[PDB]
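> Sharing a structure here in C-alpha cells format.
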Amino acid sequence: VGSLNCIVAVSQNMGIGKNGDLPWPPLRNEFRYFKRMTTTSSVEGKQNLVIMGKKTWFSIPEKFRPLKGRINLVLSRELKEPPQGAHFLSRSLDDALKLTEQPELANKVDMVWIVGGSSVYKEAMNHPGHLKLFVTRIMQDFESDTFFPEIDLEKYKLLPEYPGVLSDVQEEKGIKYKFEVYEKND
Ligand SMILES: NC(=O)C1=CN([C@@H]2O[C@H](COP(=O)(O)OP(=O)(O)OC[C@H]3O[C@@H](n4cnc5c(N)ncnc54)[C@H](OP(=O)(O)O)[C@@H]3O)[C@@H](O)[C@H]2O)C=CC1
Ligand SMILES: CCc1sc2nc(N)[nH]c(=O)c2c1Sc1ccc(C(=O)N[C@@H](CCC(=O)O)C(=O)O)cc1
C-alpha cells in the first residue's frame, strides 16, 4: 500500500461543513481537483482507497457515490454492513488501515485518502508516521457547523511546490481559494 494522505477544503474560520453539505456554494473546479487528486494513481493496476465517516458518505450526492474509480470505505460503529454503493465498512481508523494490508486489498490499493469528517481528520493527523495534507484554503469566512482540526505546523511543513498543484490564486463564483500541500513524518 502507498502513501497516506488527507484532503480537505476549509474556510478561513476553519469550516468544512454546514447542515450536511459544504459551507460554500459549489466550486466546480475545486471538486474536479478533489476528483483528480483522489483518483489518480501512479502505480499500474492499482486504485486509490478513500476512507470517510458515515455523515461524509451520505453528504456526497447519490449520483457520485461510490466515488468512481476509487475503493470506498466508510467508518461506522452503528452500521452492520457497508451502505448501498459503498465497498467496505470499518469500525475504526486502525481497522481500516489494517484492512488495506489484508490479501483482499494488499495488492490492489495505491494511495489512501482520508476525506473526513472532523473526527477522522483529527485522529489521522495525530497518527505517527508519514502523512500529507492536501488543503484547499477557501479565503473567506463561511458559517459552518463542522470544523477542521488544528494543523500543528511544528510537525506539518507547508511544501514550497508540488507537481500538479497550481500555486496561484483560484476564483470561482466570486470566491478566491488556493491549494496547499503539507507533509509530516514522525
Ligand atoms: N470541506 C470538506 O473538505 C469536507 C466537508 N465535509 C462536511 O462535513 C460534514 C460531515 O462531517 P462530520 O459531521 O465530521 O461527520 P463524519 O463524516 O465524520 O461522520 C460521523 C459519523 O461517522 C462515524 N465515524 C466517524 N469517525 C469514525 C471512526 N474513526 N470510527 C468509526 N466510526 C466513525 C460515526 O458513525 P456511527 O455513529 O455510525 O458510529 C460518526 O457518527 C458534512 O457537512 C460534510 O459536507 C466532510 C468532509 C470534508
Ligand atoms: C468527500 C468529502 C470531501 S473531501 C474534499 N476535498 C476538497 N478539496 N474539496 C471538497 O469539497 C471535499 C469534500 S466535499 C465533496 C467532494 C467531492 C464530491 C463529489 O461529488 N466528487 C465527485 C465529482 C463531483 C463533480 O464532478 O461535480 C468525484 O470525486 O467523483 C462531493 C463532496
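Ordering of the C-alpha cells sets the chain letters (A, B, ...), residue numbers begin anew at 1 in every chain, and ligands are numbered from 1 in the order given.
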Skipping near chain neighbours, those fewer than 3 positions away, what residues fall within 12 Å of residue 53 (chain A) using only C-alpha atoms, listed as a PyMOL selection string?

chain A and resi 50+56-60+72-79+82-83+86+88-93+96+114-121

> Per residue of chain A within 7 Å of ligand 2, which atom pair is closest and at what distance in Å (one decimal), using only C-alpha atoms and all ligand atoms, listed by chain and increasing number, as a tab-separated table?


```
residue	atom	partner	partner_atom_place_in_ligand_line	distance
A:7	CA	ligand 2	6 (N)	4.9
A:8	CA	ligand 2	6 (N)	3.8
A:9	CA	ligand 2	8 (N)	4.2
A:22	CA	ligand 2	14 (S)	6.5
A:28	CA	ligand 2	27 (O)	5.8
A:30	CA	ligand 2	9 (N)	6.0
A:31	CA	ligand 2	17 (C)	5.2
A:32	CA	ligand 2	26 (O)	5.5
A:33	CA	ligand 2	8 (N)	6.7
A:34	CA	ligand 2	8 (N)	4.8
A:35	CA	ligand 2	29 (O)	3.8
A:56	CA	ligand 2	2 (C)	5.8
A:57	CA	ligand 2	1 (C)	6.9
A:59	CA	ligand 2	32 (C)	6.6
A:60	CA	ligand 2	31 (C)	4.6
A:61	CA	ligand 2	20 (O)	6.0
A:64	CA	ligand 2	20 (O)	5.0
A:67	CA	ligand 2	30 (O)	4.8
A:68	CA	ligand 2	30 (O)	5.6
A:115	CA	ligand 2	4 (S)	4.4
A:116	CA	ligand 2	2 (C)	5.9
A:135	CA	ligand 2	8 (N)	6.4
A:136	CA	ligand 2	8 (N)	5.4
```

> I need the strand (DSSP E or B) residues of region 9-150 of chain A per DSSP on the backbone, written as a PyMOL selection string.

chain A and resi 9-11+15-18+21+47-53+71-75+88-90+109-114+130-138+146-147

> Using only C-alpha atoms and all ligand atoms for the distances, tell me which of A:11, A:170, A:185, A:126 is nearest to ligand 1.

A:11

> Need to verify the contact set: residue 29 (chain A), 12 Å, only C-alpha atoms, exclusion of same-chain residues closer than 5 positions in sequence. Can you return it as JSON, numbers by chain?

{"A": [34, 35, 36, 136, 166, 170, 171, 172, 173, 175, 176, 177, 178, 179]}

> Take the residues from that selection and put them in a file with C-alpha atoms, as a compact mmCIF listing (two decimals), in the first residue's frame.


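Output file selection.txt follows:
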```
# COMPACT_ATOMS: atom_id res chain seq x y z
CA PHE A 34 -10.55 16.70 -5.38
CA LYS A 35 -11.51 14.08 -8.01
CA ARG A 36 -8.12 14.28 -9.82
CA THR A 136 -7.68 24.00 -0.17
CA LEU A 166 -1.35 25.04 -9.08
CA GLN A 170 -8.06 30.42 -8.00
CA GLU A 171 -11.51 32.01 -8.09
CA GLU A 172 -14.98 30.55 -8.76
CA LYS A 173 -18.35 32.12 -8.03
CA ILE A 175 -14.72 33.03 -4.02
CA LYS A 176 -10.91 33.05 -4.07
CA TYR A 177 -9.04 29.97 -2.89
CA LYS A 178 -5.53 28.44 -3.07
CA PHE A 179 -4.07 24.96 -2.88
```
